[PDB]
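Student: I have a structure here, written as structure tokens, and I will follow up with some questions on it.
There are 2 protein chains.
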Amino acid sequence: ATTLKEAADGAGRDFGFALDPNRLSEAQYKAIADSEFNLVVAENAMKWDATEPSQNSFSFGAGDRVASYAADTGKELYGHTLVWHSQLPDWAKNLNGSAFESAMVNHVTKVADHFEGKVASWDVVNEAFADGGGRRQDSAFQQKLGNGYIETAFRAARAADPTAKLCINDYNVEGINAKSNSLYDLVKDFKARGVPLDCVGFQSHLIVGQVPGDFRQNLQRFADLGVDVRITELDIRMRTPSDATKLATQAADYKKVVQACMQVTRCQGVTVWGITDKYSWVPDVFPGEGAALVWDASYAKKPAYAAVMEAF
Amino acid sequence: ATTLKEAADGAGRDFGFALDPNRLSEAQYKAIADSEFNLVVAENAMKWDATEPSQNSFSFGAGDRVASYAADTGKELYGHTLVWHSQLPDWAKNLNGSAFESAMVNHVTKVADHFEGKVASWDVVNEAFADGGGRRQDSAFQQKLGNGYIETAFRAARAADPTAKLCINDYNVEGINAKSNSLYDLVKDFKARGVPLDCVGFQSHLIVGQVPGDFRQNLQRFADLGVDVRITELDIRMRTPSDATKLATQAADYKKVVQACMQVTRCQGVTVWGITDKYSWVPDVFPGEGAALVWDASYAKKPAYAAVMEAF
Ligand SMILES: *[C@H]1OC[C@@H](O[C@@H]2OC[C@@H](O)[C@H](O)[C@H]2O)[C@H](O)[C@H]1F
Ligand SMILES: *[C@H]1OC[C@@H](O[C@@H]2OC[C@@H](O)[C@H](O)[C@H]2O)[C@H](O)[C@H]1F
Numbered sequence: 001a002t003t004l005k006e007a008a009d010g011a012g013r014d015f016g017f018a019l020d021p022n023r024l025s026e027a028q029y030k031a032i033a034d035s036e037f038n039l040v041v042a043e044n045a046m047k048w049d050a051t052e053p054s055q056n057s058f059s060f061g062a063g064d065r066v067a068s069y070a071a072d073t074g075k076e077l078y079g080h081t082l083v084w085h086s087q088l089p090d091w092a093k094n095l096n097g098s099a100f101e102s103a104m105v106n107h108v109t110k111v112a113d114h115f116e117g118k119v120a121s122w123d124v125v126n127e128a129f130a131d132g133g134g135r136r137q138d139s140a141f142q143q144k145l146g147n148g149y150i151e152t153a154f155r156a157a158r159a160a161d162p163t164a165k166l167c168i169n170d171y172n173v174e175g176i177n178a179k180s181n182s183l184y185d186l187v188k189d190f191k192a193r194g195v196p197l198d199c200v201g202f203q204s205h206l207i208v209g210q211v212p213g214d215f216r217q218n219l220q221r222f223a224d225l226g227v228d229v230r231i232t233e234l235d236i237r238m239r240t241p242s243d244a245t246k247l248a249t250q251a252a253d254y255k256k257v258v259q260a261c262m263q264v265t266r267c268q269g270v271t272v273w274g275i276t277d278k279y280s281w282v283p284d285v286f287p288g289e290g291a292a293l294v295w296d297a298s299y300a301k302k303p304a305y306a307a308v309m310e311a312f
Numbered sequence: 001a002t003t004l005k006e007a008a009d010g011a012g013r014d015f016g017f018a019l020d021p022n023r024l025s026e027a028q029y030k031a032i033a034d035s036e037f038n039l040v041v042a043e044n045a046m047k048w049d050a051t052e053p054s055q056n057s058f059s060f061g062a063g064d065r066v067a068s069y070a071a072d073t074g075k076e077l078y079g080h081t082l083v084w085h086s087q088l089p090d091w092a093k094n095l096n097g098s099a100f101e102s103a104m105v106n107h108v109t110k111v112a113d114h115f116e117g118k119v120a121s122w123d124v125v126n127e128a129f130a131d132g133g134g135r136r137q138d139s140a141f142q143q144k145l146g147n148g149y150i151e152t153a154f155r156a157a158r159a160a161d162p163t164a165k166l167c168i169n170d171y172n173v174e175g176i177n178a179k180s181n182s183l184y185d186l187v188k189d190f191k192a193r194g195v196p197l198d199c200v201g202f203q204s205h206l207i208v209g210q211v212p213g214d215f216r217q218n219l220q221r222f223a224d225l226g227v228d229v230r231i232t233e234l235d236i237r238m239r240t241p242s243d244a245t246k247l248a249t250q251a252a253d254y255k256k257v258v259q260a261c262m263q264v265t266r267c268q269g270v271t272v273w274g275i276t277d278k279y280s281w282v283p284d285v286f287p288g289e290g291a292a293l294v295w296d297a298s299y300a301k302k303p304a305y306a307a308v309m310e311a312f
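Respectively, the protein sequence lines represent chains G and H. Under the numbering used here, the first residue of the first sequence carries the number 1, and numbering increases by one thereafter. Under the numbering used here, the first residue of the second sequence carries the number 1, and numbering increases by one thereafter.
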């Protein structure tokens, strides 16, 4: 193949990227986006703060722009998170009990209903667990609604969009540990009780040379529960600046991740969180680290490119 | 060339179609739209009734969908009419004097401002004249505001979008007659007084075998005034059903129209009002007539296709 899209296509798998609609006006960005991927997801356009800035006041502008792009270029559309503790408008954080639940139910219904027929999969709930097991405590949803909020979100989503794949997404759950265990118990329980849940997303915000050795083993156990798995926000950061060795290691890491997916029949594909290091979110969140994506700040293919290519 | 797009491209000219965003979900429609044209215009998505259904309440959804399509496929975007007597919401028709003028000025400003940078040209004023000379009398704009409404629309448009080509559009003005004469005097006056006006659009809703023999002569006289000309809503209707002779004549008519444009250096291009006869507006407006477009109800190329091809 000449592009990563063909490699993914030939493998019968998805290979997507996080889209920032405002970058489509940049020739090189659009060029790569058009030819290297077969799936697209909104980096921020479909989140709560972007879709419902004020209670009941929805703004689907940017969201629609992403959906239009997918439809116009023939790529699958991945919906990014309906329920998430981060990037939640203050008006929502100010609501409580009944009112807060009604707002959550309404947000899930309106957003899912609006993109019905466009998005193939949804990150219904994102990052509900805490590192080290258990539910996260700094979540407005966990605090105000308790344990049953996630089930309510999945049931509300299925009602608004009866055909979209409803997924649960999280990070630091790639390998077997206390967090992925709590997630495992949840998926197992939901499927046993018939709660609408079709997929599990593994963020995969990894560090160079530290790819979980039991990655595929972990992916497989979830797949055995009767659900699809997917690598949702892949990027492998390193200590900047980059050098030959760091890039060589990063290339081997990207390979391991894709191979793991290729080894699990239910792994739908891999989505890298962005196109070029020039726009990567890493440096702003992880001070001193970066160079996490496949294309550098000059839009030049890094050693990771060929690795992903042959991994497929 | 293998497509009409390449023929138009090689000629350094535009060849567009009227887009109905709801048809992009139809495989054959999208396929033709993607490969046969290099310019696109909203059939109805950007009109007054679609963009401002209620005073001050703008709905750019469908409009944005058309703009996204153009940007995603690399086609030029033609903005279709800001001011038009038809398809005008009742709330507007109920306003008078000052209030009505402020509404017109606001509509022109908001819509032009929203698509600023996307649309290359605008039909600022559409169908302001009457068949037989003079201004049309069944227009809410002409009745409530008088003769100066058009100049006000062009000045308001230029302020909202300083770079878009501001055009005036009309039908039954293809050949030299009392209507095209009144239009000519207007363009001449506007250019002499420095009123913002860059182009003149000729609808070209013709009848089979009745193409104005002085078409190009008429196009040329307008071009000599220092403005660009364009065929905006081309379709050549016949009495249904169609037959070999009718299609043979239609093919020769399409050729004459394109050749006329090719003979006038300032003729920007040709826009056909639709893709297939299956969706053509003709039969609903002109009872008993149809088969006006290049593709039939089965999406099969008619004799007109090859004609347009060689005309370019
Ligand atoms: C996985 O982590 C990445 C996150 O996306 C970022 O959110 C914050 C925003 O400022 C950045 O632009 C994004 O890249 C995504 O939502 C999450 F699920
Ligand atoms: C040139 O004539 C065609 C007209 O477009 C039609 O308007 C009425 C609407 O119901 C049809 O769907 C359209 O095709 C366009 O506005 C005009 F300038």
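Ideal Cβ positions, reconstructed from N, Cα and C, are used throughout, including at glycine.
1. With a threshold of 7 Å between beta carbons, is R65 (chain G) in contact with chain H?
2. Return the Cβ separation of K75 (chain H) and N38 (chain H) in integer angstroms, given the expectation that the two are a contact with Cβ distance under 8 Å.
3. How about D72 (chain G): is its C-beta nearer than 7 Å to some C-beta of chain H?
4. Rounding to the nearest angstrom, what Cα-Cα distance links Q217 (chain H) and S35 (chain H) in this structure?
5. Report the neighbours of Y69 (chain G) on chain H: residues whose CB is nearer than 9 Å to its CB, in chain order.
6. By a C-beta neighbour count over all protein chains shown, 10 Å radius and 16 as the cutoff for buried, is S68 (chain G) buried or exposed?
7. Ends of the beta strand (DSSP E) at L24 (chain H)?
8. Thinking just about the alpha-carbon of each residue, which of H:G132, H:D72, H:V125 is nearest to the one in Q142 (chain H)?
9. So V173 (chain G) packs on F202 (chain G), CB below 8 Å; how close in whole Å?
10. Pick out whichever of G:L186, G:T3, G:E310, G:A42 has its Cα sitting closest to the Cα of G134 (chain G).
11. Please name the residue, chosen from G:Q250, G:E26, G:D198, G:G213, that lies closest to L293 (chain G) on a Cα-to-Cα basis.
12. Any chance the CB of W295 (chain H) is under 6 Å from a heavy atom of ligand 2?
13. Tell me which residues of the segment 13–24 of chain G have at least one Cβ-Cβ distance to chain H shorter than 8 Å, keeping chain order.
14. Let me make sure I understand the geometry here. Which of H:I176, H:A140, H:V229 has the alpha-carbon closest to that of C261 (chain H)?
15. Let me know the secondary structure DSSP gives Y78 (chain H) once reduced to three states.
16. Is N172 (chain H) near ligand 2, in the sense that its beta carbon is under 6 Å from a heavy atom of that ligand?
17. Drop a sphere of 10 angstroms on the beta-carbon of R193 (chain G), count the other beta-carbons inside from all chains shown, and report buried for 16 or more, exposed for fewer.
18. Between the alpha carbons of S57 (chain H) and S86 (chain H), how many angstroms are there, rounded?
19. So, are the CB atoms of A7 (chain G) and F312 (chain G) less than 7 Å apart?
20. Can you give me the Cβ contacts of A156 (chain H) inside the same chain, cut-off strictly under 7 Å, excluding the 5 residues immediately before and after it?
21. Determine the contact status of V282 (chain G) and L234 (chain G), defining contact as a CB-CB distance below 7 Å.
22. So what does DSSP say about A251 (chain G), is it helix, strand or coil?
23. Tell me the rounded alpha-carbon separation between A304 (chain H) and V257 (chain H).
24. Following a CB-centred definition, is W122 (chain G) positioned closer than 6 Å to any heavy atom of ligand 3?
25. Should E127 (chain G) be labelled buried (16 or more other beta-carbon atoms within 10 Å of its own) or exposed?
26. Report yes if the CB atom of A62 (chain G) is closer than 7 Å to the CB atom of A45 (chain G), and no otherwise.
27. Using the Cβ count rule (16 or more neighbours within 10 Å means buried), how would you classify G97 (chain G)?
28. Would the C-beta of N44 (chain G) count as close to ligand 1, meaning under 6 Å from any of its heavy atoms?
29. Of all the options G:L219, G:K278, G:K302, G:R266, which has the alpha carbon lying nearest to the alpha carbon of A252 (chain G)?
30. Only counting runs of 4 or more residues, tell me where the alpha helix (DSSP H) segments fall wholly within the segment 137–220 of chain H, in order along the chain.
31. Short check: CB of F215 (chain G) to CB of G175 (chain G), under 7 Å?
32. Is DSSP giving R13 (chain G) helix, strand or coil here?
33. Is any heavy atom in ligand 2 found nearer than 6 Å to the beta carbon of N126 (chain H)?
34. Determine the DSSP secondary structure at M238 (chain H), reduced to helix, strand or coil.
35. Just the C-alpha distance for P89 (chain H) and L95 (chain H), rounded to the nearest angstrom, thanks.
Tutor: The short version:
1. Here residue 65 (chain G) refers to the residue found at position 65 of the first sequence. Closer than 7 Å: yes.
2. Here residue 75 (chain H) is taken as the residue at index 75 of the second sequence, counted from 1. Here residue 38 (chain H) is taken as the residue at index 38 of the second sequence, counted from 1. Rounded, the Cβ-Cβ distance is 6 Å, consistent with contact.
3. The count along the first sequence starts at 1 and reaches residue 72 (chain G) at position 72. Yes, contact with chain H.
4. Translated into the one-based positions of the second sequence, residue 217 (chain H) becomes position 217. Translated into the one-based positions of the second sequence, residue 35 (chain H) becomes position 35. Cα to Cα, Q217 (chain H) sits roughly 32 Å from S35 (chain H).
5. Taking the first residue of the first sequence as 1, we reach residue 69 (chain G) at position 69. Under the 9 Å cutoff, chain H gives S68, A71, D72.
6. Reading the first sequence from its first residue, position 68 is the one you call residue 68 (chain G). It is buried - the Cβ of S68 (chain G) has at least 16 other Cβ atoms within 10 Å.
7. Translated into positions along the second sequence, residue 24 (chain H) becomes position 24. Taken as a continuous stretch (DSSP letters only), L24 (chain H) belongs to no beta strand (DSSP E), as it is neither H nor E.
8. What you label residue 142 (chain H) is simply residue 142 of the second sequence in a count that begins at 1. When each option's Cα is compared against that of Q142 (chain H), the closest is H:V125.
9. Position 173 of the first sequence, counting from 1, holds the residue named residue 173 (chain G). Position 202 of the first sequence, counting from 1, holds the residue named residue 202 (chain G). With a Cβ gap of about 6 Å, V173 (chain G) and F202 (chain G) count as contacting.
10. Taking the first residue of the first sequence as position 1, residue 134 (chain G) is located at position 134. Checked all of G:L186, G:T3, G:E310, G:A42; the closest Cα to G134 (chain G) is G:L186.
11. As a working mapping, residue 293 (chain G) is identified with position 293 in the first sequence. Of G:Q250, G:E26, G:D198, G:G213, the residue nearest in Cα terms is G:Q250.
12. For this step, residue 295 (chain H) is matched to residue 295 along the second sequence. No, the beta carbon of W295 (chain H) sits no closer than 6 Å to any heavy atom of ligand 2.
13. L24
14. On the second sequence, position 261 is the one that residue 261 (chain H) refers to. For the residues H:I176, H:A140, H:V229, the minimum Cα distance to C261 (chain H) belongs to H:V229.
15. Here the question's residue 78 (chain H) lines up with position 78 in the second sequence. It is a strand residue.
16. For this step, residue 172 (chain H) is matched to residue 172 along the second sequence. Incorrect: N172 (chain H) has no Cβ contact closer than 6 Å to ligand 2.
17. Along the first sequence, read from residue 1 onward, the residue named residue 193 (chain G) stands at position 193. So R193 (chain G) ends up on the exposed side.
18. Here residue 57 (chain H) refers to the residue found at position 57 of the second sequence. Here residue 86 (chain H) refers to the residue found at position 86 of the second sequence. Distance between the alpha carbons of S57 (chain H) and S86 (chain H) is about 19 Å.
19. The count along the first sequence starts at 1 and reaches residue 7 (chain G) at position 7. The count along the first sequence starts at 1 and reaches residue 312 (chain G) at position 312. Contact flag set, yes.
20. Numbered from its first residue, the second sequence carries residue 156 (chain H) at position 156. Answer for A156 (chain H): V105, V108, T109, listed in chain order.
21. Walking along the first sequence from the start, residue 282 (chain G) turns up at place 282. Walking along the first sequence from the start, residue 234 (chain G) turns up at place 234. No. Outside cutoff.
22. Taking the first sequence and counting its residues from 1, the one referred to as residue 251 (chain G) is at position 251. In the structure shown, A251 (chain G) sits in a helix (DSSP, three-state: H, G or I).
23. The residue given as residue 304 (chain H) occupies position 304 in the second sequence. The residue given as residue 257 (chain H) occupies position 257 in the second sequence. Each residue's Cα considered, the two are about 11 Å apart.
24. Among the ligands modelled here, namely ligand 1 and ligand 2, ligand 3 does not occur.
25. Residue 127 (chain G) sits at position 127 when you count from the first residue of the first sequence. By the neighbour-count rule (16 or more Cβ atoms within 10 Å), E127 (chain G) is buried.
26. Locating residue 62 (chain G) in the first sequence gives position 62, counting from the first residue. Locating residue 45 (chain G) in the first sequence gives position 45, counting from the first residue. Yes, they are a contact pair.
27. Along the first sequence, read from residue 1 onward, the residue named residue 97 (chain G) stands at position 97. By the 10 Å Cβ count, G97 (chain G) comes out exposed.
28. Here the question's residue 44 (chain G) lines up with position 44 in the first sequence. Because some heavy atom of ligand 1 lies under 6 Å away, the Cβ of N44 (chain G) counts as near it: yes.
29. For the purposes of this step, residue 252 (chain G) is taken as the residue at position 252 of the first sequence. Ranking the options by Cα distance to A252 (chain G), first place goes to G:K302.
30. 140–145, 149–160, 178–192
31. The residue labelled residue 215 (chain G) in the question sits at position 215 within the first sequence. The residue labelled residue 175 (chain G) in the question sits at position 175 within the first sequence. The answer is yes: Cβ separation under 7 Å.
32. Translated into positions along the first sequence, residue 13 (chain G) becomes position 13. Note: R13 (chain G) maps to coil in three-state DSSP.
33. Translated into positions along the second sequence, residue 126 (chain H) becomes position 126. Yes; taking the cut-off as 6 Å, the Cβ of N126 (chain H) has a heavy atom of ligand 2 nearer than that.
34. One-based indexing of the second sequence puts residue 238 (chain H) at position 238. Three-state DSSP puts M238 (chain H) in a strand.
35. Residue 89 (chain H) sits at position 89 when you count from the first residue of the second sequence. Residue 95 (chain H) sits at position 95 when you count from the first residue of the second sequence. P89 (chain H) and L95 (chain H): Cα-Cα distance of roughly 11 Å.
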